[PDB]
Structure formats: structure tokens, C-alpha cells
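[1] just the structure for this:
(chains A, B, C, D, E, F and G, ligands or ions: 19)
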Amino acid sequence: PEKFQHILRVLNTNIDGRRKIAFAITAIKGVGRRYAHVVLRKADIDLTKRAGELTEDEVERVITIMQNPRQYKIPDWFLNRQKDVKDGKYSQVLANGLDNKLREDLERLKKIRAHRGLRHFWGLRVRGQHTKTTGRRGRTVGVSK
Amino acid sequence: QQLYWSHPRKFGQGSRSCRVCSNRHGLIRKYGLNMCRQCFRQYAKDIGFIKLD
Amino acid sequence: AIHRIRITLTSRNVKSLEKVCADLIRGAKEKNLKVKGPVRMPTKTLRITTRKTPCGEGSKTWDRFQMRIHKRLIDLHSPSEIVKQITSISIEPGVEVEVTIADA
Amino acid sequence: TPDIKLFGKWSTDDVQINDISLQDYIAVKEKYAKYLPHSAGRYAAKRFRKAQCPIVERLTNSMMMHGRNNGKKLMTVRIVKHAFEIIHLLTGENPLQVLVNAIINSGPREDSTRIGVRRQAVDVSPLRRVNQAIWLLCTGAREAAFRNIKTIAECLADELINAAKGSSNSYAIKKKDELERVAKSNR
Amino acid sequence: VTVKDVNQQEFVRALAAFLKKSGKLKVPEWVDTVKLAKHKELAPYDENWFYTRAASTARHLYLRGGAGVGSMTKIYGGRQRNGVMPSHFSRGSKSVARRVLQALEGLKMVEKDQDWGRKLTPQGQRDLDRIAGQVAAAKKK
Amino acid sequence: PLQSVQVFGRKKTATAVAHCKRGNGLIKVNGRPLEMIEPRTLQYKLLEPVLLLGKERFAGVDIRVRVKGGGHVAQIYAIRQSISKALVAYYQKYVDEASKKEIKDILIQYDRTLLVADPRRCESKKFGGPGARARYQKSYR
RNA sequence: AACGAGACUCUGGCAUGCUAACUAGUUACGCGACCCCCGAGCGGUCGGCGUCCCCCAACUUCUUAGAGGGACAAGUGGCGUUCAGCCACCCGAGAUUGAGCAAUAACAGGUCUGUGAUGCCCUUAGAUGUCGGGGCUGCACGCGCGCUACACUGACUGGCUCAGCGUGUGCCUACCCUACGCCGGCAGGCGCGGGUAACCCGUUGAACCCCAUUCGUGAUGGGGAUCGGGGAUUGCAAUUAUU
Ligand SMILES: [Mg+2]
Ligand SMILES: [Mg+2]
Ligand SMILES: [Mg+2]
Ligand SMILES: [Mg+2]
Ligand SMILES: [Mg+2]
Ligand SMILES: [Mg+2]
Ligand SMILES: [Mg+2]
Ligand SMILES: [Mg+2]
Ligand SMILES: [Mg+2]
Ligand SMILES: [Mg+2]
Ligand SMILES: [Mg+2]
Ligand SMILES: [Mg+2]
Ligand SMILES: [Mg+2]
Ligand SMILES: [Mg+2]
Ligand SMILES: [Mg+2]
Ligand SMILES: [Mg+2]
Ligand SMILES: [Mg+2]
Ligand SMILES: [Mg+2]
Ligand SMILES: [Mg+2]
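    Numbers count the residues shown, from 1 in each chain, chains lettered A, B, ... in the order given. Ligands and ions are numbered 1, 2, ... in the order given. Let me share the structure:
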């Protein structure tokens, strides 16, 4: 049964062909599993066929939905980036847009040296956690002199 | 003289204090006692509470 | 004229409450007033549990204080004057009695 | 038929016990026939009262173990039901007799106590025989199915089978004879 | 036969298959992009979940004729796993429970009773017991 | 000249009251056939009195049952104890005495607590430990 | 002879015996109404489902809570210097329910930071008796009580069906538990009633469990730390992120 090609290289990442298509495309960053089901539902695709059982034209139908979600009627409260701080847009950053958007956000913070920027710099915990008995990476110290 | 002699004390531990010892820190609000946890063991009888459990 | 009228009794000591109730029943049935017997509402128990120690030292013992509340009702079918009269009599100890206009 | 009872399906009256030592301590026939391995059963109130408990219920109780099963008994009954249904296929024989066989051939008839590592050899009471056999063959199953695709009913079934005919491929038998050799040495 | 005479799961499947055989019973637009409660972690598998949910809702109204939305969300509550903290009981979604009860009034099966709440119309109970008999006759119950 | 009787059964604060009367068959509980009480893994438990006594005794009585309290399993034993505690008091009142001695010995020899309630109830927690007998950990050094 | 033990007080287990209940019910029918034939019948009648509506019907089994009753090693058989008692068994709701209370003499135990209980010492207007801001949360490291997990005796998605102890509008103080309708995916918002409480939330539709679907031995859909972005509620104020 269905012995044609399985693995597919969706943008910049190797989507394995074996897993169910829902749990197949999650190997993309910025695309969790709750977002993926919506994308596939709005793409009309069956949800009982692996990644190997999709031809070369459905996959474009899915990509264009992942990239332009606002227009395929996926509401504005699903998108991971909202009222984007620099320009007011709403969208899902996908693969390296996620890396660069985190990078730019940390740079934006450090630039005006906000209390979070310095915590990202010093490599500490940024939210309000106690730090006396947690994290605890370093090496043991001795009382001897 | 002064118009700055208080700032809102309308909830939390600043609001309330024991009806006997005037302390804060560990008072019983249940049933409207409003009584310090040490002061209540002292009058726990005259109110009527009796230990028999 | 003849009215329904309900007396509600509350206390914490049971014997006073029960003896009060039985005496009111007596005084009502000596006039043949068609009394509906005492209904015993569920007793209530107030619980307060605190550390024994004044400061923070010791093994961690607790007290378990509790107070009990008993409550019952009796119902009468009669004019008001006889009931407010006999109610007004024969209560020596510490017991709470409240009588209302009508409850039926 | 109505004088006779089944676990829905399986008959009791065709069973046999060949160890005359264990005839007092395995309950299966007659007044110990019950429809289900689930009774309230205040057994653990006196000393020997545990001997009256129907053997299939004892096999169920000893199965809900290791923490995230404490109490869940209806799962255990639905496990045992399935295990017997598989056993009737893998052999074509009565499941109850296979259980009775696998209990009889797992009780270590000699153990070594500790006195000082210095041990001594002693013989085990007829009640401890069954109390150990049950433990061993329920641990074999729970152990064989911890990260495998097999299901606990499948492993419990093949465990009962490979033990009812002492085969050195079953956890129970290995551990029993290994507990006996250590006694044999420091006799 | 009434509804209490028959197994309460295949009855639900029959009622759902019947409700989704009339073209009536308008479903909300967001039917395919909704978690269904605060404590779930995924959207329902069954693409027709609204039909099943409306079927079960009607059955529940049959057995206890005075529900209202504030208990449909309790009848449907479940257990929330708060990450690294102990779980806790959590309610359903108010909005879908409301839109389900509204969709049933359009079939004249439900009406807002005295006091406040909802109950089945006389015509709703017939629609139920008919497929109850249908179930009992299919499976021979 | 009505001919009826009522008796209860308890198991861990789960009371089930059975009312048996003149009739023909028809043993129900909360309105369902006893074939369909929910935890159906335990079905042979609540079929035990009829499967043990034979449907010849369950031939002139109709026995309805109302249950409330406890948990799922602790109500199977309430029911299972109440109906058999009933067929033994409908006999003892409207039949001869020596016929009920047959029922009681077919019953009590198979499984007690089809007539005598378990006296076990939960023990009460104490300060110091999580439950009734355990205690919190003790860190010496 | 006195204290401690025991006795005692509360609680759990049994009463189809008593007392008696629209702020608990049940059974009946006076009912009537709805619905299906689901069975005789036809569809009514015979019946079946009802937390549908009634009764100025009958009663107290279920509910509530008062007075008494019951268990005494009392009966039977062994072991006991035939004593004090132990062991097994019968009848039984039960032959060992769980707590509270507790002696003499002490400890350099803890507490002056519970007290308008308190001796002595100190400070007392440039205060050690008030407002604004920060800290008690600061992190190379050592320890203690814990929570969630390492999965198939499982995770996810639907479906089905069961509790018990409780608290509830606040006397300065100023806030309570929530039904039902509507709006919003969600947290939440608006509207309009009940409750000073066996009366309303509430027949407290609790989770595990139970039944059916997807996954497949792979750090995988196990696990859910850390981190980015956005939306609400509390408050005078949320940044070191309250929730
Ligand atoms: Mg109560
Ligand atoms: Mg867990
Ligand atoms: Mg516990
Ligand atoms: Mg006692
Ligand atoms: Mg009681
Ligand atoms: Mg009712
Ligand atoms: Mg008494
Ligand atoms: Mg003697
Ligand atoms: Mg007996
Ligand atoms: Mg005692
Ligand atoms: Mg002492
Ligand atoms: Mg002091
Ligand atoms: Mg001093
Ligand atoms: Mg001051
Ligand atoms: Mg300050
Ligand atoms: Mg601190
Ligand atoms: Mg400690
Ligand atoms: Mg689930
Ligand atoms: Mg805080």
C-alpha cells in the first residue's frame, strides 16, 4: 500500500514523512500542534494520512495557509506575534523569523538597558523567581584555606 | 499643621487588629470574632467553646 | 382571629431547650390549641482549630474547639393573645425563644 | 447447571490439585466458587483467614502495585478476564487448572534465613508457598511489560503458561530455583 | 420504550446521526477552531462534534428538566492539569453551551420554562422516544 | 388491601431502598433495568440473588429501587444487599415462615453481607500526618 | 488511705420498637397532564417513564434528632495451684472503633516580637512614639519539609454516571455565596432575582474510576522547566513580571 516517496523538505526544515501529517509538520518552529490542526482544517486535508501520502500540490495549499493565516480566516488571537512592537502587524513568525524576532526583541530590551535586558545579559532568571536554591549550575566550593 | 496623617488602610493587615490586645499577626476572622490567636485560647470558654473532640 | 403562629427555640445546652419545649407543649395542650409537635432542625457545630503554643517552638500540637447550636420549632393554630401570654411565662434559664406572626 | 458457577464462562468442578500440602491453601472448588474475583471480604482481620480467600481474587489483589495502581481494582478484574481468555487459546486447556499448576510449581519448598552474611537453611510453611508463588508470577508479568509493546494481559498469560510447565523461560521459576540453590549451598 | 430503557451511548450516537440528517440546527461559524473548554489541550477530533454535543445536551435536558447554561458548563466540566502543580476541577465553555441550547430552540425541541432555565417541549420528547424505540429495535433491546 | 414492603441496604454511606410489591417480574432500579447499572464489569455482582434463587421466586413481585449516596462501587453492594433483603421480607410477611428459611439459607451460605451490613466507615484524620495513621517525614540531622 | 491507670465525656457501628415533622420524605391514589406502544389491547382501558402539577390522603421505612434498649468474657468446650484470668466456638449490628482528659519531680527547653501581664537597664524632640522610596525575593555553594515526572497497569479526544464534612451580606472595618438571561474562543462583561440560610447556590451533575477513538518503544503526542508576543480582573500602585 502506497509505496511512493515519504520524506519532504518543507521550508528550511526536514519534515519526516512517516508521522501523521498533523504531528508531521510540527517539526517546524513557531508551529505548535494546536496551530497545525487549524491549518490542516482550513486546508481541507484529510487527517488520517501520513506525510508520505500527500502529493506536491496539497503541500503548497498548506504552506500558503501557514504563511498567510490572517487571510484564510484564522482569527487574530491564534497568531503568536500580535500588534508587533515596531509596526503594528499581526502574524505567525515561522522558521528563522522566530530566531530573528527573539534576537531583535532581546536587542531592543538591552539597548535601553531595561531591567530585563540586563538580566538577559548577566544570564539570570528574568521573571520573578527566587534564585537562592535553583538553577544551580556551577561547581562545589570548599571552606579550606 | 498636617493634611498627610494617613493613606488608605481599607484592606489587608493594616485594616484590622485584635479586639483585646490590639495586635495584628494571627487573628481569627471566622464567625466575626476578630481576636488574636493567643487571646482566643484565653476566653475560649466564656464564649462557650469547649474542647471535647 | 385564629392564626398559624410558629415559635422557634435555639440554645446550646440541650436539657434546657427540651424542657422548655415540653412545657410549652403542655401549656398549649391544656387549652386544646391543636399544636403541631416540635420539629428538630439539624444541630449546627462551629469548629475552630488553633496551634497550642504561644510562640513557634515545640512539637506541633493543635486544639479543636467547637460549639453546638440546637434549634427546634413548634406550630400553633390559635389567636395571638393566649400564645403571647403563655410564651411570656415559664422561662427561667438561658434559652432563646422567638415567635412570629404566621408561618402557613 | 444452577448448582454450579463460573467466572462467566470457565468451570471449577473439573480442576485438580496434586500437592496434598497445598489442598488446604488453594481455594477453587465447591463452596469457594464465586461469579467474580471481587468481594468486600474482611479476610485480613485474623491470622489464617486469608486462606479462605478464592485464589483468583488473591491473584487480582496482588496485581495492583507500584504506586500508580493502588486501589484501581476494576482494571485488575478486566486484566485477569483477558488473561484467561488468552490462555484458553494458547493451550486449549482450562485456564483455572493452568493457574493452579503455575502456583504449585513456583513455591520455593526451602529458603535460607540470616544469622551472621552467614545464612541457614529452613523449610517454608505451606501458606508462604502460595504467598511467594503469587508474588513471583505477578512480578514477572509487571516486569516483562514495562517498556514493551506487549500488553500486561499478554505477558501475564504467557507467564502463567511458561510457569505451569517449569521452563526456565519464566521469571517465577528462575527465581524459585535460584532461591533454593542458595539454600542448598549453606545447608 | 422510553429513553431509560436503552443503552445511553448508542442512543446518543443515533440522536446525533439523526440531528445531522435534517439540514436544520444551524451550527456556529467557529465550529472547527475551538478548544471546547479552559482545561482541554486540543480541539475535538470528531469533525461533527457540535452534533454529538447537541444530542447529549438534549438527552440531559430530558432527564432533568430545568438546566440553564450555568449547569451545562458544570455537566461538562473536567480536570485541569496545572503543569507542575496539582490538578483541579474546571468548568466547560459558557459560549458553546449557550449556542447549543439556542440551536435546539430552532428545532422547537426546547423552550424556556417558568422560573428560569430550559426544558423539552412535548414535541421534543416524542422525537427522543421514537429513536429510543429505533435503537431498541435495531440492537433487539 | 395493598401488599407491599420496603427495606434498605447500606454499604459505606450509600443507601439503597428497595420497595417490593405484588406483580410479575420487573426488577428496576432508578428506572433502568438492572442489566444497565453503569460499572458493567460488576454486572454478575448485582445479578447474584436472582441467579442464585432462580426466577421462580422473582415471579410474583415487582421490586423498584431508589439509590443515593456513596460511590459507584459502594452502590453496587447497596443494591445487591437491598433486593435480597427484600425478597426475604416479602416472603416472611405474606407467605409461610418455613419458606423464607429456605431463602435465607440459600443466601447466607453463599455470601453473607447479602443480609448483614458492613460496619466499616472511614476513620478520621489527625494532625501530624496526611491521613489517619501515617505521619510526616522526620529529618533528624 | 490519696493521686496516676481505670471509671468518665464526645464520636462510629444496631433498632421496620417510641416521640413527630409543607425548612425531609415515601406510598397511594384524588388526580390530572406529557410521551411513546413499549407489552394485553388499538392508540384509552391493563400497564410502562416523571426531581410533571396537585391532596384539607395515609404513614415515618429512607431524612432529621431526642428519651430509653443493647455487651457482660454473659453461654458452651478446653488450659489455670481450679483463684485472677487465657484460648477456640455458638447467637449477634458488635466479642480488640477513634479521640479528649492525665500524676509527683523537673528543664537555666521556647516566648519580653500575643498582652493596658511585668522588675531592672537604655533612648526620650537632632527620638528607639509618622509619611514617600527600597529591603525581607538579592546567588559561585551546603542542607531540610515538599510538588510534578520518567509513560502502554499510559497520554489525547468524546461519551456515561456516583459523595461527605463546610462556609455564606462584616457591629469600626465596609467585603459576602450565587441562580437564570444576554454578549465574548478564553479569562471576563452587562442585566435581573434568591439567601441572615434543612428555605437560595443545591438533587452540591467532583476527580480517579467506567465505556469507545487516535498514537506505537522513538526524549515520542511521555515530561512541562525556561523564554517571546498579546488579552482581562483586583487595587491608590502590578516594574524585581500578584493572580
Ligand atoms: Mg449535615
Ligand atoms: Mg497522578
Ligand atoms: Mg488518604
Ligand atoms: Mg463508646
Ligand atoms: Mg449516625
Ligand atoms: Mg421527586
Ligand atoms: Mg443514646
Ligand atoms: Mg468456664
Ligand atoms: Mg454469626
Ligand atoms: Mg478505647
Ligand atoms: Mg506525666
Ligand atoms: Mg511573653
Ligand atoms: Mg520588659
Ligand atoms: Mg504608627
Ligand atoms: Mg513605610
Ligand atoms: Mg523570609
Ligand atoms: Mg517540620
Ligand atoms: Mg479525559
Ligand atoms: Mg505575595
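
[2] can we go C-alpha only for contacts and neighbour counts from here?
    Fine.

[3] can you list the residues that contact stretch E:85-95?
    Where contact means CA atoms under 8 Å, 6 or more residues apart in numbering or on different chains, the residues beyond stretch E:85-95 that reach it are E:36-39, E:69-70, E:72-82.

[4] could you redo the last one with a cut-off of 7 Å?
    Contact partners of stretch E:85-95, identified using CA atoms under 7 Å, 6 or more residues apart in numbering or on different chains, comprise E:36-39, E:69, E:73-74, E:76-81.

[5] now, these that are in strands?
    Assignment to strands by DSSP state E places the following of the contacts of stretch E:85-95 there: E:78, E:79, E:80.

[6] quick one, what contacts the second one?
    The reference is to residue E:79. With contacts defined as CA under 7 Å, 6+ apart, the neighbours of residue E:79 are E:39, E:87, E:88, E:89, E:90.

[7] repeat that for 6 Å
    If you count contacts by CA atoms under 6 Å, 6 or more residues apart in numbering or on different chains, residue E:79 has them with E:88, E:89, E:90.

[8] coming back round to it: wait, which of the ones in strands among the contacts of stretch E:85-95 is closest to residue A:108?
    Proximity of those to residue A:108 (CA to CA) peaks at residue E:80, which lies at 36.5 Å.

[9] end-to-end on stretch D:11-28?
    Taking CA to CA, to the nearest Å, stretch D:11-28 runs 10 Å from one end to the other.

[10] list of residues touching that stretch?
    Contacts for stretch D:11-28 (CA under 6 Å, 6+ apart): D:29, D:51, D:54, D:55, D:97.

[11] now do it: distance to the chain's middle.
    Taking the mean of its C-alpha atoms, stretch D:11-28 sits 13 Å from the chain's own mean (CA atoms, centre = their mean, to the nearest Å).

[12] which SSE is residue D:139 in?
    With elements delineated by DSSP states H and E, residue D:139 resides in helix D:126-144, which encompasses its position.

[13] what about the helix or strand just after that helix, near RNA strand G?
    On the C-terminal side of helix D:126-144, the closest following helix or strand by DSSP H and E is helix D:152-164. Yes: residues of helix D:152-164 contacting RNA strand G under CA under 7 Å from any atom of the strand: D:152, D:153.

[14] not counting sequence-adjacent ones, nearest residue to residue A:12?
    Spatial nearest neighbour of residue A:12, chain neighbours left out: residue A:95 (7.5 Å); criterion: CA to CA, 6 or more residues apart in numbering or on different chains.

[15] just checking, the one you found touches residue A:29?
    Yes: with contact defined as CA atoms under 6 Å, residue A:95 and residue A:29 form a contacting pair (5.2 Å).

[16] how near is the most centrally placed residue in chain A to chain B?
    Note on chain A: the residue nearest the mean C-alpha position is residue A:30, at 1.6 Å, using CA atoms, centre = their mean. If you measure residue A:30 against chain B using CA to the nearest CA, to the nearest Å, the figure is 43 Å.

[17] quick one: contacts for that residue?
    Under the criterion of CA under 6 Å, 6+ apart, the neighbours of residue A:30 are residue A:94.

[18] so it, which of the three states?
    Remark: residue A:30 carries the secondary structure label coil [criterion: DSSP: H, G, I helix; E, B strand; the rest coil].

[19] got the phi/psi numbers for residue A:91?
    As for residue A:91, its main-chain torsions (degrees, to the nearest 10) stand at phi -170, psi 170.

[20] what number of residues lie near it?
    In terms of burial, residue A:91 registers 19 neighbours under the definition other CA atoms under 10 Å in any protein chain shown.

[21] list the contacts for residue B:50?
    Applying CA under 6 Å, 6+ apart, we find residue B:50 in contact with C:65, C:66.

[22] enumerate the residues of chain D near RNA strand G.
    Counting by CA under 7 Å from any atom of the strand, the residues of chain D that sit close to RNA strand G are D:45-46, D:63-65, D:68-69, D:72, D:74-76, D:78, D:138, D:142, D:145-153.

[23] hmm, try it at 6 Å
    Near RNA strand G, the residues belonging to chain D are D:46, D:63-65, D:72, D:74-75, D:142, D:145-152 when assessed by CA under 6 Å from any atom of the strand.

[24] same check on chain A?
    Counting by CA under 6 Å from any atom of the strand, the residues of chain A near RNA strand G are A:19-20, A:23, A:77, A:80-85, A:102, A:105, A:115-116, A:125-128, A:130-133, A:136-141.

[25] now with 7 Å?
    For chain A, the residues in contact with RNA strand G under the definition CA under 7 Å from any atom of the strand are A:19-20, A:23, A:48, A:77, A:79-85, A:101-102, A:105-106, A:115-116, A:124-134, A:136-141.

[26] and the contacts of stretch E:56-65?
    Against stretch E:56-65 from outside (CA under 6 Å, 6+ apart): residue E:119.

[27] for it, what is the distance to the chain centroid?
    Its chain's average C-alpha position is 8 Å from that of stretch E:56-65, according to CA atoms, centre = their mean.

[28] how about that stretch, does it reach RNA strand G?
    Yes: legend: contact between stretch E:56-65 and RNA strand G by CA under 7 Å from any atom of the strand is shown at E:56, E:59, E:60, E:61, E:63, E:64, E:65.

[29] ok, longest helix in the chain?
    No chain was given, so I picked chain A. Longest helix in chain A by number of residues, with DSSP state H as the criterion: helix A:97-111.

[30] meant chain F actually
    With DSSP H as the criterion, chain F gives helix F:73-94 as its longest helix.

[31] quick one: distance of that one to the chain centre.
    Helix F:73-94 has its average C-alpha position 6 Å from the chain's average C-alpha position, going by CA atoms, centre = their mean.

[32] which elements pack onto whichever helix or strand comes after it?
    On the C-terminal side of helix F:73-94, the closest following helix or strand by DSSP H and E is helix F:97-108. For helix F:97-108, the packing partners by 3 or more CA pairs under 6 Å, 6 or more residues apart in numbering or on different chains; DSSP states H and E come out as none at all, with no helix or strand in contact.

[33] what does helix F:97-108 contact?
    Contact partners of helix F:97-108, identified using CA under 6 Å, 6+ apart, comprise F:91, F:92.

[34] residue of chain D closest to chain B, please.
    With CA to the nearest CA as the measure, residue D:45 is the residue of chain D nearest to chain B, at 27.8 Å.

[35] what sits against that residue?
    Applying CA under 6 Å, 6+ apart to residue D:45 gives no contacts.

[36] need phi/psi at it.
    Main-chain torsions, residue D:45, degrees, to the nearest 10: phi -120, psi -30.

[37] distance of the residue in chain D sticking out farthest from the centre relative to chain C?
    The outermost residue of chain D, judged against the average C-alpha position, is residue D:116 (32.5 Å), by CA atoms, centre = their mean. With the distance defined as CA to the nearest CA, residue D:116 ends up 39 Å from chain C.

[38] give me the three-state assignment for residue E:129.
    helix.

[39] circling back: filter the contacts of stretch E:85-95 down to the buried ones, ChimeraX style.
    Applying 16 or more other CA atoms under 10 Å in any protein chain shown to the contacts of stretch E:85-95, the buried members can be selected in ChimeraX as follows:
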select /E:36,37,39,69,73,76,77,78,80
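
[40] overlap between the contacts of stretch E:85-95 and the residues near RNA strand G?
    With CA under 7 Å from any atom of the strand as the criterion, the members of those in contact with RNA strand G are E:36, E:37, E:38, E:69, E:74, E:76, E:77, E:78, E:79, E:81.
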